[PDB]
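Starting off, we have a lone chain in the form deposited in one PDB entry, written out as C-alpha cells.
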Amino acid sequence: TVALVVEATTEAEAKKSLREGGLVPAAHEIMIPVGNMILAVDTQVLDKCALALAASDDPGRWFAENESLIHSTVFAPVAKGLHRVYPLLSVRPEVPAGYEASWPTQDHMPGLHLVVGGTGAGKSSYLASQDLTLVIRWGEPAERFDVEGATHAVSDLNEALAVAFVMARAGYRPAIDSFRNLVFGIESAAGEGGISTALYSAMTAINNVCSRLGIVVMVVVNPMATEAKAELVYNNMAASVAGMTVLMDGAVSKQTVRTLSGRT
C-alpha cells in the first residue's frame, strides 16, 4: 500500500518511508531520478515478487494477476520536497558482492544494455536472437507480436521497470521495448547531438539501480537523432550505461560493454 495523496507535513511524518509519504528512503527503498520525476524501488517487495515468480509456472499469468504487487515494487512517492532534499539526485554506482553474469555478454557489468537504432534498424530482430524470456512492451503501437509473441504489455515506467526488475532478480531475461516515452518525455536543455541531457542522466540513474540490484535489463532506445549528430549521441549514451549495441540497416554497427574484467 502506497501513499497517493497524503504527504508528510510534520518532521515526524517526514522521517517515514517514501511509501508512507515521508521524505527519507527506507533501508529497502532506492530512489530513481528520471528527468524531473523521482521513482522508488522497494527491494523487499522486489524480493517477495522474485521469490514468488521463481515459484510460479507461468511468468505470463503471474504478472497479469499481480499488478498490485507490481505497483508496490516501483512507485512514485508523493512527498514533494524530494527534489530539494536530494539535489541533483543520481543512483550510486555499486555492485553486489559475488555478482556474476554470462548474459548478454560474459562479465557484463550490472546495468542497462541498450539496443539502439532508428526505425527499421533491426531492433526487434536482434531481440529475437538474444534468447529472452519475454519482451516487456511499453509505449509502442500494438503489433502482431503482441498477440503471437512472448510479451507482457505495460502502461507506464513504473510497471516497465518493476516487471524487468522482478524478472531479472528471478533469474529470467527481460527486454523493454521500448524507452520511446523517455526519449519523447524527458525534455531538457539540448546538447551537441540534439538530445536532452536529462535523457543521459536518466539512463545512468536507471543503469545504476540495475547495478545495485545486480541485474542486466536490455532496453530498446531510438534516440531520434539526425545522421550528423548520431555518432555523438550514441557516444553519450554509451558513456551513460553498462552496455550498448547499435543497429543500422539490420546489422550490428557498434558494441560497447563494460565488463567485470575491463576486457572484452
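Sequential numbering from 1, following the sequence displayed. Only the largest set of C-alpha atoms that superpose within 1.5 Å between the two forms is called the rigid core. Only residues modelled in both forms are compared.
In none of the other PDB entries of this protein that model the residues around it does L127 lack coordinates, well short of a third.
Compared with the other entries of this protein, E187 is consistently built, present in every one of those that build its neighbours rather than absent from a third.
Averaged over Cα atoms, the B-factor as recorded in the entry is higher for 186-194 than for the other of 139-147 and 186-194. For the pair 116-124 and 76-84, the mean Cα B-factor is higher in 116-124. Sorting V217, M203, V220, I70 by the CA temperature factor given in the entry leaves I70 at the top. In this PDB entry, the Cα temperature factor of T43 sits in the middle third of its chain's modelled residues. In the deposited entry, the Cα temperature factor of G98 places it in the middle third of its chain's modelled residues. Placement of the Cα temperature factor of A251 within the chain: highest third of the modelled residues, per the deposited record. Sort the chain's modelled residues by C-alpha temperature factor and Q130 lands in the highest third, per the entry. Per-chain ranking of the deposited C-alpha B factor places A238 in the middle third.
Below, we refer to the form deposited in another entry, which is not included among the displayed structures.
Core-based superposition between this form and the one not shown shows that, of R180, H108, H71, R169, only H71 has its Cα displaced by 2 Å or more. Residue displacement note: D47 has its CA displaced by under 2 Å between this form and the one not shown (rigid core superposed). When two forms of a protein are overlaid on their rigid core, residues whose CA moves 2 Å or more are considered shifted, and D57 is one of them between this form and the one not shown. Whereas the displayed form keeps them at a certain spacing, the CA atoms of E140 and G60 lie at least 3 angstroms farther apart in the other entry.
Segments of at least three consecutive residues in which every Cα is displaced by 2 Å or more between this form and the one not shown, once the core is aligned, are found at 55-68, 70-72.
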